[PDB]
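Protein chains in written order, with the deposited numbering: chain E, 421 to 443, 491 to 545, 548 to 568, 594 to 633, 635 to 645; chain L, 3 to 30, 30A, 31 to 92, 96 to 211; chain H, 3 to 52, 52A, 53 to 82, 82A to 82C, 83 to 100, 100A to 100N, 101 to 126, 133 to 213.
Report on the following structure.
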Amino acid sequence: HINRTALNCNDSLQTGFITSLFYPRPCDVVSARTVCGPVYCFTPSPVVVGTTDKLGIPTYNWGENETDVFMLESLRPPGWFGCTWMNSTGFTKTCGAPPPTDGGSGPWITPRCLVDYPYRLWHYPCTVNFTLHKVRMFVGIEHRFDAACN
Amino acid sequence: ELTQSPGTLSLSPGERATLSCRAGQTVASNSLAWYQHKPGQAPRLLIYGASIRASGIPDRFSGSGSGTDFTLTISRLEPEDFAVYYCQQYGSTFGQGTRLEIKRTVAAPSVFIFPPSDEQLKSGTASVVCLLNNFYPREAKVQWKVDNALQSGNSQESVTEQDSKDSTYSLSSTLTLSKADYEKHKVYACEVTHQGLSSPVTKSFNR
Amino acid sequence: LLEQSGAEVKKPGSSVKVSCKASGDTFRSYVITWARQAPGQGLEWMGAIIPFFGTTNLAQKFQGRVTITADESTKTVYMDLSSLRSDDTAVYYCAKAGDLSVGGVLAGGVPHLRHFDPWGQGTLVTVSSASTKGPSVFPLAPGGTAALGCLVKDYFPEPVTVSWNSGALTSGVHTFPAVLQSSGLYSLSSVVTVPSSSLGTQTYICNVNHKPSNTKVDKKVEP
Ligand SMILES: *[C@@H]1O[C@H](CO)[C@@H](O[C@@H]2O[C@H](CO)[C@@H](O)[C@H](O)[C@H]2NC(C)=O)[C@H](O)[C@H]1NC(C)=O
C-alpha cells in the first residue's frame, strides 16, 4: 500500500529536502511525473491521495509511468478546498480558490491557520513556531482535524 | 558501454601515464568515475563526477574529459600508483581496467629446477618445479622436456605480482606426472626462452 | 566505514548470503551497491538497493538470478545469489553509492547511482563441488645464487598464507598465486632466493597456514 507514494525527486543541487521522509492555481489533475513524496488534499481535514490512474484506479508503481496521476478534483467537497505536495525540485505547491475571511490556497483554512498533517513541516518549514488548537465542526459530515495557527 | 585503452601501460616513475575511457553512446559527463584497485585491498575512489578529485587523493592524479571520451592522467608517477585503474559511469557500467606497470630494464631469469622429493614419490604423485626468479618483463615460455622429449598438456604456470621493491616478477612452472611414468623416464629438463637471454637457459637433473 | 562478512565456501547449487555493516546514522537514506570482479575479467555492477523503500534495480545480466534485500534493525544490507556457478566464483565488494537525503536521486522509484566513496573489505566465495581438503607440503631443495622452495599441494579451500623461518625471514621470498588443477584442488609453491653459500649455514623451514581447513605445518628443507 506504500507503493502508491509518488517518488520522483530531482535534488541536483544537494539541498537535502528529502531528509524529512526518512528522518493561485485552481485544483485539478496533476501528473505524478512531477511529484516528490505524499500528495495531501485538505477537503475539511487531511487525506492522503496516492498514485492513481485516470479512471481512479490505484497504481502501485511509485508514480513511474507517464499516465500515473494524482486526483485532486475527485476529493472536492460538494465548500472550501485545497491540496499541497512537494514537486520534484522540492518547491512546495498549492491549489485552491483565490482569497480576508476566505481561506488560502492549499492548507490555509485561515490566512493565519493551517491544517496540521504528518508532512506539514516538510511542506511548510516556516510554520514550526505555530501552536495548535483542536477543532470539531460540521460543514453534512463531521470532521476532526488540528489547526496550526499563526 | 565503456571502452578503455590501452590494455596495459608500462612507464618509469616520473613519467606521464595517460589512459582513455570511451563510450559507445554519449555519457552525461556528470556521472563518470575512476578507481585504483590493489590486490588484497578494496578499490579506491580517485575521481568523482567530472574533473573532481576525491578526498585523500594526491595532486598528481588528474581527471579530464567531456562527452564520450575521458582520460585519467598522472604527471608525477610515484611508486604506489601502479595498481589497476577502472573507469565507471553512474546511473552503471565499468570497463576492463588498464594495468599500470613499472618500466624496468630487461633482467634475465635466474633459473632453478627442483626434483620431486621422496616424501612425494612414496605418495604416488610426482611433480617437478622449474623456477624463473626475479626477472622482467613478465612474458616468458617454459617448455618442458622429459627424456629429451617435449612434454605438452601437463604443465601449469603461476606468475607472481609486480615486486614493489625491485620491480621484477618471478614465474614457476609445475610439471605433474604419475609416479609410474616418472620412474620410466630419465632426463627431466626445463627450458626457458626469455627476452633477456641470448641462448635459452636449460637447467635439469637426472632421476 | 562499511564492514563485510566472512569468506564463505558453498556448493554450486546452494545460495550465498553476505552482509554489509554500515557505519553512519542516516541508514534509511543510504543507497548501497554490490558489485564483483572475476579473477580474469574486470569489474561489473550488479545492482543498488534502498533500505527504507526496499527498491532495487539491477543490470540486465543478473536481473533474474540475484535478489538484494536490507534490514535496518541491524545496520546491515544483505546480498543473496541463487544457483551459483563457477562463473560467479569471484570477489564481492560493498560500496556506498550515495545518501538519499543529499543524493538528488530516487527518481521514478528506481534509484540512480552516484560515486562510491566508501568500499567494503570484500568477501571471497569459492564455488566448487570438491570438498574441503588439507594441503600437502613437500620440500623443493637444490657464482650464482641458490633457490630453495616449499611446495603446498592439494588444498580445496583457499586462502593460503605461507611463512618462512617462524616468519622471521622476508627478503627475496616468493609465494605464487594458486593454480587450480583439473581436480578442483588448488596448488602453489613458496620459493626463496638466498646466497649461493647460505645453503649450509642455516636451517630453512616453511610455515604454511590454511585457515578454512584448520591445518598448519612446519617442514624442514635440506638436500
Ligand atoms: C517545481 O515547481 C517550481 C515552481 O513551483 C518550478 O520552477 C518554476 O519553473 C518555471 C519554468 O521553468 C519558472 O517560470 C518559475 O519561475 C519557477 N518557479 C520557481 C519558484 O522557481 C520547477 O520547475 C518545478 N520542478 C520541476 C522538476 O518541474
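Ideal Cβ placement from N, Cα and C applies to all residues, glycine included.
request  = Return yes when the Cβ of L/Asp70 is within less than 8 angstroms of the Cβ of L/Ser30A, no when it is not.
outcome  = Numbered from 1 along the second sequence, position 29 holds the residue referred to as residue 30A of chain L. Numbered from 1 along the second sequence, position 69 holds the residue referred to as residue 70 of chain L. Taking 8 angstroms as the Cβ cut-off, L/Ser30A and L/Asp70 do not qualify as a contacting pair.
task = Could you tell me the boundaries of the beta strand (DSSP E) in which L/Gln166 lies?
result = Along the second sequence, one-based indexing puts residue 166 of chain L at 162. Where L/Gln166 is concerned, there is no enclosing beta strand (DSSP E), given that its DSSP letter is neither H nor E.
request  = Count the other C-beta atoms from every protein chain shown that fall within 10 angstroms of the C-beta of H/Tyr90, then say buried if there are 16 or more, exposed otherwise.
outcome  = Locating residue 90 of chain H in the third sequence gives position 92, counting from the first residue. By the 10 Å Cβ count, H/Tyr90 comes out buried.
query = Between E/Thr553 and ligand 1, is the CB less than 7 angstroms from at least one heavy atom?
reply = For the purposes of this step, residue 553 of chain E is taken as residue 84 along the first sequence, with counting starting at 1. Every heavy atom of ligand 1 is 7 angstroms or more from the Cβ of E/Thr553, so no.
request  = Hey, could you find the ends of the alpha helix (DSSP H) H/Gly100A is sitting in?
outcome  = As a working mapping, residue 100A of chain H is identified with position 103 in the third sequence. Its alpha helix (DSSP H) spans residues 98 to 100A.
inquiry  = Less than 8 angstroms between CB atoms is the rule here; does L/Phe98 satisfy it with respect to chain H?
reply    = Residue mapping note: residue 98 of chain L aligns to position 94 of the second sequence, counting from 1. Any Cβ of chain H closer than 8 angstroms to the Cβ of L/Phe98 would place that residue at the interface, and such an atom is present.
ask   = Mapping DSSP to helix, strand and coil, what is E/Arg614?
value = Within the first sequence, residue 614 of chain E is the residue found at index 120, counting from 1. The answer is helix: DSSP assigns E/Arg614 an H, G or I state.
ask   = At a cut-off of 7 angstroms, is E/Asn645 close to ligand 1 when judged by its beta-carbon and the heavy atoms of the ligand?
value = Taking the first residue of the first sequence as position 1, residue 645 of chain E is located at position 150. No, since every heavy atom of ligand 1 falls outside the 7 angstroms radius drawn around the Cβ of E/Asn645.
message = One question on the structure: do H/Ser112 and H/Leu82 come within less than 8 angstroms of each other, judged by their Cβ atoms?
response = In the third sequence, counting from the first residue as 1, residue 112 of chain H sits at position 128. In the third sequence, counting from the first residue as 1, residue 82 of chain H sits at position 81. For H/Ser112 and H/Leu82, no; Cβs fall outside 8 angstroms.
key: Neighbourhood of E/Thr510 by C-beta distance below 6 angstroms, restricted to the same chain and skipping five residues each side   = Counting from one through the first sequence, the residue named residue 510 of chain E turns up at place 43. Closer than 6 angstroms at the Cβ level, and outside the excluded window around E/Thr510, lie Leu542, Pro544.
inquiry  = For L/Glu187, report the span of its alpha helix (DSSP H) as first-last.
reply    = Mapped onto the second sequence, residue 187 of chain L falls at position 183. In this chain, the alpha helix (DSSP H) harbouring L/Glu187 covers 183 to 187.
ask   = What residues come near ligand 1, if near means a beta carbon less than 6 angstroms from any of its heavy atoms?
value = E/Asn430, E/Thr501, E/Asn556, E/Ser557, E/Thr558, E/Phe560, E/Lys562
task = Whole angstroms is fine: what's the gap from E/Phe442's alpha carbon to H/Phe53's?
result = For the purposes of this step, residue 442 of chain E is taken as residue 22 along the first sequence, with counting starting at 1. For the purposes of this step, residue 53 of chain H is taken as residue 52 along the third sequence, with counting starting at 1. Going from the Cα of E/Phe442 to the Cα of H/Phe53 covers about 7 angstroms.
ask   = Leaving out the 5 sequence neighbours to the left and right, which residues in its chain are closer than 6 angstroms to H/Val109 when beta-carbon positions are compared?
value = On the third sequence, position 125 is the one that residue 109 of chain H refers to. Result list for H/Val109: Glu10, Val18, in chain order.
ask   = chain H beta carbons: is any one of them nearer than 8 angstroms to that of E/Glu533?
value = As a first step, residue 533 of chain E is located in the first sequence; it is residue number 66 there, counting from the start. Not closer than 8 angstroms to any Cβ of chain H, the Cβ of E/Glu533 fails to qualify, so no.
query = Does DSSP put E/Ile636 in a helix, a strand or coil?
reply = In the first sequence, counting from the first residue as 1, residue 636 of chain E sits at position 141. Of the three classes helix, strand and coil, the one that applies to E/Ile636 here is coil, per DSSP.
key: C-beta atoms of L/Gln155 and L/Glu195 nearer than 8 angstroms   = Numbered from its first residue, the second sequence carries residue 155 of chain L at position 151. Numbered from its first residue, the second sequence carries residue 195 of chain L at position 191. No, the pair does not count as a contact, with Cβ atoms beyond the cut-off.
task = Compute the distance between the beta-carbons of L/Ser208 and L/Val191, then report whether it is under 8 angstroms.
result = The count along the second sequence starts at 1 and reaches residue 208 of chain L at position 204. The count along the second sequence starts at 1 and reaches residue 191 of chain L at position 187. In this structure, L/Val191 lies closer than 8 angstroms to L/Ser208 by Cβ.
task = Please name the residue in H/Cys140, H/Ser161, H/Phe166 whose C-alpha comes closest to that of H/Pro149.
result = Here residue 149 of chain H is taken as the residue at index 159 of the third sequence, counted from 1. Of the candidates H/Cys140, H/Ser161, H/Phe166, the one whose C-alpha sits nearest the C-alpha of H/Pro149 is H/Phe166.
message = What are the residues in the region 176 to 204 of chain H lying within 8 angstroms of chain L by C-beta distance?
response = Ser177, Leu178, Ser179, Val181, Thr183
request  = Go ahead and pull the three-state DSSP assignment for E/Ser440.
outcome  = By one-based count along the first sequence, residue 440 of chain E stands at place 20. The answer is helix: DSSP assigns E/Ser440 an H, G or I state.
ask   = Is the shortest distance between the beta-carbon of H/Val152 and the beta-carbons of chain L less than 8 angstroms?
value = Within the third sequence, the letter at position 162 stands for residue 152 of chain H. No, H/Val152 does not count as interfacial toward chain L.
Pairwise C-alpha distance: E/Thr553 and E/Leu626 = In the first sequence, counting from the first residue as 1, residue 626 of chain E sits at position 132. In the first sequence, counting from the first residue as 1, residue 553 of chain E sits at position 84. When rounded, the distance between both Cα atoms is 20 angstroms.
key: Opposing strand residues paired with H/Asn199 [DSSP bridges]   = Mapped onto the third sequence, residue 199 of chain H falls at position 209. For H/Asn199, the beta-bridge partners assigned by DSSP are H/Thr151, H/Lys206.
query = Would L/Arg61 pass as a contact of L/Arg77 if the rule is Cβ separation under 8 angstroms?
reply = Position 60 of the second sequence, counting from 1, holds the residue named residue 61 of chain L. Position 76 of the second sequence, counting from 1, holds the residue named residue 77 of chain L. Closer than 8 angstroms, so yes.
query = So, is E/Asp495 buried or exposed, given that buried needs 16 or more other C-beta atoms within 10 angstroms?
reply = Reading the first sequence from its first residue, position 28 is the one you call residue 495 of chain E. Its Cβ having fewer than 16 others within 10 Å, E/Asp495 is exposed.
request  = Assign E/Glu540 to one of three DSSP states: helix, strand, or coil.
outcome  = Start at 1 with the first residue of the first sequence, and residue 540 of chain E comes out as number 73. The answer is helix: DSSP assigns E/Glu540 an H, G or I state.
ask   = For L/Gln6, which three-state DSSP category applies?
value = Here residue 6 of chain L corresponds to residue number 4 of the second sequence, with the count starting at 1. Strand, per DSSP.
query = Helix, strand or coil: which one does DSSP assign to H/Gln171?
reply = If you number the third sequence from 1, residue 171 of chain H lands on position 181. Three-state DSSP puts H/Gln171 in coil, outside helix and strand.
query = How would you call L/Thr10, buried or exposed, if buried means at least 16 neighbouring beta carbons within 10 angstroms?
reply = For this step, residue 10 of chain L is matched to residue 8 along the second sequence. The residue in question, L/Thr10, is exposed, as its Cβ has fewer than 16 Cβ neighbours within 10 Å.
message = From the DSSP secondary-structure annotation, give me the bridge partner or partners of H/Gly49.
response = As a working note, residue 49 of chain H is residue 47 in the third sequence. For H/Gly49, which the question treats as bridged, DSSP gives the partners H/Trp36, H/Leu59.
query = Within this structure, are the beta carbons of E/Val536 and E/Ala566 separated by less than 8 angstroms?
reply = Position 69 of the first sequence, counted from the start, is the residue given in the question as residue 536 of chain E. Position 97 of the first sequence, counted from the start, is the residue given in the question as residue 566 of chain E. In this structure, E/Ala566 does not lie closer than 8 angstroms to E/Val536 by Cβ.
query = Are there 16 or more other CB atoms within 10 angstroms of the CB of H/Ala40, so buried, or fewer, so exposed?
reply = If you number the third sequence from 1, residue 40 of chain H lands on position 38. By the 10 Å Cβ count, H/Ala40 comes out exposed.
request  = Return the chain-ordered list of same chain residues with a C-beta closer than 6 angstroms to the C-beta of E/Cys607, the five sequence neighbours on each side being excluded.
outcome  = Taking the first residue of the first sequence as 1, we reach residue 607 of chain E at position 113. Cβ neighbours of E/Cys607 beyond the five flanking positions: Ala642, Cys644.
Per-residue burial, residue 546 of chain E [other beta carbons within 10 Å of its own, 16 or more giving buried] = For residue 546 of chain E, no position is available: the coordinates of chain E end at 545 and pick up again at 548.
message = Quick check on the DSSP output: the beta strand (DSSP E) that includes L/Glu105 runs from which residue to which?
response = Residue 105 of chain L sits at position 101 when you count from the first residue of the second sequence. Annotation for L/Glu105: the continuous beta strand (DSSP E) segment containing it runs 102 to 106.
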